[PDB]
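Heads up, the chain below is alone and in the form solved without the ligand; it's given as structure tokens.
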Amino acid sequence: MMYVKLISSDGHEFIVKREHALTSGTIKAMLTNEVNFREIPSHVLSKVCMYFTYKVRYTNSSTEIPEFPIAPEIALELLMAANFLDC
């Protein structure tokens, strides 16, 4: 029931469970319950938050694992974000 707030470069606020946000080693290091991302835009940060949910829901579970989808137009910025966030 503990939540954290992740802010995108354009000012979007993403409220996610603290457990889910700890998926990122960088966020885990920075944590406090708020982190601002000066170089991650909302369209990438929302996708990163979808990954945190996906990882936590399916890590060590037998309820068939689906593919994590990535549209071609977001792939490059999402790769840059994944590398910076360490997840």
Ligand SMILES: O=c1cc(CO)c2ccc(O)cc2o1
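Residue numbers run from 1 along the displayed sequence.
One more form of this protein should be noted, the form solved in complex with the ligand, which is absent from this view; the next part is about it.
Placing the ligand by C-alpha superposition of the site, using its position in the bound PDB entry, leaves the pocket open: no ligand atom lies within 2.4 Å of backbone or C-beta atoms here. Using a 4.5 Å cutoff between non-hydrogen atoms, residue 3 does not count as a contact of the ligand in the bound PDB entry. Though the partner is left out of this view, residue 40 does reach within 4.5 Å of the ligand in the bound PDB entry, counting heavy atoms only. The closest non-hydrogen atom of residue 27 lies beyond 4.5 Å of the ligand in the bound PDB entry. The three residues 44, 80 and 84 all sit with a heavy atom within 4.5 Å of the ligand in the bound PDB entry.
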